[PDB]
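Participant: Pasting an experimental structure with its sequence.
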Amino acid sequence: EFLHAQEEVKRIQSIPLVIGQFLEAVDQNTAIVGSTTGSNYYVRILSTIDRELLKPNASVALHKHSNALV
Amino acid sequence: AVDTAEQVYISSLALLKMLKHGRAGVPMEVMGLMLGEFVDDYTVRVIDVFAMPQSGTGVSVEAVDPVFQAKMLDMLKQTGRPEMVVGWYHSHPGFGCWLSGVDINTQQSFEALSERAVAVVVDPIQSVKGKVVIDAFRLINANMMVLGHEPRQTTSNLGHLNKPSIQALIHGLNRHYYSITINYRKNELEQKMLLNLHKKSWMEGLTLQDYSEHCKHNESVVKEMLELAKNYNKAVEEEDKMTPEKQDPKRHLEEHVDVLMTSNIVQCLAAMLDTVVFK
Amino acid sequence: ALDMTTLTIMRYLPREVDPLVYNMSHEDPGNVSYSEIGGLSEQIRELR
Amino acid sequence: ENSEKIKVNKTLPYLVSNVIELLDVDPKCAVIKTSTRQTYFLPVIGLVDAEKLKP
Ligand SMILES: [Zn+2]
């Protein structure tokens, strides 16, 4: 089951994502991102992302529909 | 004689027809009828689905061509499909499953044509990546809601075990239409038939990847190992027993050694088997 | 060009756009021989 | 039958748009800039002849 869950977690970060700019984070599991669409969104971040890669000018890919930053 | 939590059954072939037709007509909404059986008060089994042509009127009762559906049913009956129209579906690309006002009017028309026919909404671009987004609707008669009654007689824990998606109720869920639980009546035969699409063929099972690419992947993963080992020394040096803050070396090194090990064993073992077998 | 559904690339194209440049290229000046200009032999020769 | 279906297909919003380069086909291609400030590529032009268009 855990392997299946990780397979899905890989699946959620597949190709069609949209690019955005990572503003300052909020909590362990959420952050603020500025989308290339122009608007900004309050977005929960996937745990698998290494937080140390996250910087207030980092280029970050958002979920196409849910805007979830993975 | 209001119906309870209930259940709706769609065959696997019906679901594949649904998704194929939904994805084909994107970004325009497409709509077709469902062919099935009403069985009893507690279940609705749609068994097969046929699409119907697009029209400039958009998805509406004006879109359903009575001659087309009539000739279609007359033809299917001669081939093994005598079931009546138990409902209709329409695609909603770009937004979640819910009925708009025109959708409500169409469902009212079908309800007039029936007693408990259902409406199905599929989002063909959100239903992707293995996640499927299908919802089944039926209008709540205003009279019943006008006189302060619950939508259905809740009898068993069935029903409420599912939760309404927040997106729908803004559009009117539990106000004018209620969501009936979706279920898939696949048998073992269709399942084993469907499994052939990803099923491993024997030569493909004995395929030996690529030694050069395997070595290159090994080198990359080993580079990750070296970096993670440096960070592991860094993390073991912070053992001064401070406040409790997996990241950096530990988890990455663990999964990396797992994947490198399993790849190496599978490759070497398969090579040994081929050496033994073919000659 | 990309699919409006899956956004996957399906064809590279001739470089860029802007039919403005197309008009500014296909402008038709008409047949004007250098002889149709007079008294500018030094400049005409210079330009070539 | 075909003409009737096409005619009923001809809805009448039309979202007017400017035409861009008619790139040659390669295995009847037009690039469009919409009035809604979007660019689109058409594998086939549609119900109008190719040479009737001028970028
Ligand atoms: Zn609709």
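Facilitator: Okay, I see it. Residues are numbered from 1 along each chain as shown, chains lettered A, B, ... in the order given.
Participant: any idea how far chain A is from the residue in chain C that the ion sits nearest to?
Facilitator: With C-beta to the ion, the shortest gap between chain C and the ion falls at residue C:5, namely 18.3 Å. Every residue, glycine included, has its C-beta placed from N, CA and C. Here residue C:5 is placed at a distance of 9 Å from chain A (C-beta to the nearest C-beta, to the nearest Å).
Participant: I'd assumed that residue was in a helix, is it?
Facilitator: No. Under DSSP: H, G, I helix; E, B strand; the rest coil, residue C:5 sits outside any helix and is assigned coil.
Participant: Contacts only, for it.
Facilitator: Residue C:5 sits next to B:23, B:26, B:27, B:125 when contact means C-beta atoms under 8 Å, 6 or more residues apart in numbering or on different chains.
Participant: Would you tell me what helix or strand the first one is located in?
Facilitator: I take that to be residue B:23. Element membership of residue B:23, judged by DSSP states H and E, is helix B:12-24.
Participant: packing partners for that helix?
Facilitator: strand B:31-40, strand B:43-51, strand B:84-91, strand B:118-122, helix B:188-194 (3 or more C-beta pairs under 8 Å, 6 or more residues apart in numbering or on different chains; DSSP states H and E).
Participant: and the angle for that helix with strand B:31-40?
Facilitator: Helix B:12-24 runs at 160 degrees relative to strand B:31-40, counting by axes from the mean of the first three to the mean of the last three C-alpha atoms, to 10 degrees.
Participant: Just the C-alphas of helix B:12-24, formatted as CSV.
Facilitator: Output of helix B:12-24 as CSV, limited to C-alpha atoms (Å, rounded to 0.1, in the frame of the first residue of the first chain):
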residue,chain,number,x,y,z
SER,B,12,-16.7,-0.9,-17.3
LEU,B,13,-17.4,-0.6,-21.0
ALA,B,14,-19.8,2.2,-20.1
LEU,B,15,-17.2,4.1,-18.2
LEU,B,16,-14.6,3.8,-21.0
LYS,B,17,-17.2,5.0,-23.5
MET,B,18,-17.9,7.9,-21.1
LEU,B,19,-14.3,9.0,-20.8
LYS,B,20,-13.5,8.5,-24.5
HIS,B,21,-16.4,10.6,-25.7
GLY,B,22,-15.8,13.2,-23.0
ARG,B,23,-12.1,13.6,-24.0
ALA,B,24,-12.9,13.6,-27.7
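Participant: So is that helix next to the ion?
Facilitator: No. If you take C-beta under 5 Å from the ion as the test, helix B:12-24 misses the ion, and the best it gets is 11.8 Å.
Participant: Check which residues of that helix are buried.
Facilitator: For helix B:12-24, the neighbour count (16 or more other C-beta atoms under 10 Å in any protein chain shown) marks B:14, B:15, B:17, B:18, B:19, B:21, B:22, B:23 as buried.
Participant: That helix versus strand B:84-91: what angle between them?
Facilitator: Using the same axes, to 10 degrees: helix B:12-24 against strand B:84-91 is 30 degrees.
Participant: what does helix B:12-24 contact?
Facilitator: By C-beta under 8 Å, 6+ apart, helix B:12-24 touches B:10, B:30, B:32, B:34, B:36, B:46-51, B:89, B:91, B:93, B:120, B:122-125, B:127, B:132, B:134, B:184, B:186, B:190-191, B:194, C:5.
Participant: Return the members of these classed as buried.
Facilitator: B:10, B:30, B:32, B:34, B:36, B:46-51, B:89, B:91, B:93, B:120, B:122-125, B:127, B:134, B:186.
Participant: For the closest residue to the ion within the stretch 151-279 of chain B, which residues are in contact?
Facilitator: Residue nearest to the ion within the stretch 151-279 of chain B (C-beta to the ion): residue B:171, separated by 10.0 Å. Applying C-beta under 8 Å, 6+ apart, we find residue B:171 in contact with B:96, B:98, B:99, B:100.
Participant: Residue B:257 now?
Facilitator: Counted by C-beta under 8 Å, 6+ apart, residue B:257 has contacts residue B:225.
Participant: now do 10 Å
Facilitator: B:221, B:224, B:225, B:228 (C-beta atoms under 10 Å, 6 or more residues apart in numbering or on different chains).
Participant: Just among those residues, which is most surrounded?
Facilitator: Taking other C-beta atoms under 10 Å in any protein chain shown as the neighbour criterion, residue B:228 ranks highest of the contacts of residue B:257 with 19 neighbours.
Participant: Give me the phi and psi for that one.
Facilitator: Backbone torsions of residue B:228, given as degrees, to the nearest 10, read phi -70, psi -30.
Participant: quick one: the helix holding residue B:23 to strand B:43-51, angle?
Facilitator: 50 degrees.
Participant: can you pull the contacts of the residue in chain C positioned nearest to chain A?
Facilitator: Using C-beta to the nearest C-beta, the single residue of chain C nearest to chain A is residue C:7, 5.4 Å away. Residues in contact with residue C:7 (C-beta under 10 Å, 6+ apart) are A:15, A:16, A:17, A:18, A:64.
Participant: and residue B:57, how many neighbours does it have?
Facilitator: 13.
Participant: how about the nearest residue to it once chain neighbours are set aside, secondary structure?
Facilitator: Once flanking residues are discounted, residue B:57 sits nearest to residue B:63: 5.1 Å by C-beta to C-beta, 6 or more residues apart in numbering or on different chains. Residue B:63 falls in the coil class when you classify it by three-state DSSP.
Participant: Now the phi/psi pair for residue B:63, please.
Facilitator: phi -80, psi -30.
Participant: can you give me the strands in the chain?
Facilitator: Going with chain A. A:18-25, A:30-35, A:40-44, A:58-62 (DSSP state E).
Participant: wait, I meant chain D there
Facilitator: So, for chain D - with DSSP E - the strands run D:17-19, D:30-34, D:39-42.
Participant: The last one and chain A in contact?
Facilitator: Meaning strand D:39-42. No. Figure legend: strand D:39-42 not in contact with chain A (C-beta under 10 Å from any C-beta of the partner chain); closest approach 16.3 Å.
Participant: before we move on, back to that, from the contacts of residue C:7, which would you call buried?
Facilitator: Counted by 16+ other C-beta under 10 Å, those give A:16, A:17, A:64 as buried.
Participant: so the last one touches residue A:18, yeah?
Facilitator: Read it as residue A:64. Yes. Counting by C-beta atoms under 10 Å, residue A:64 touches residue A:18, with 5.4 Å between them.
Participant: quick one: stretch A:48-66 near chain B?
Facilitator: Yes. Counting by C-beta under 10 Å from any C-beta, chain B is contacted by stretch A:48-66 at A:48, A:50, A:51, A:52, A:64, A:65, A:66.
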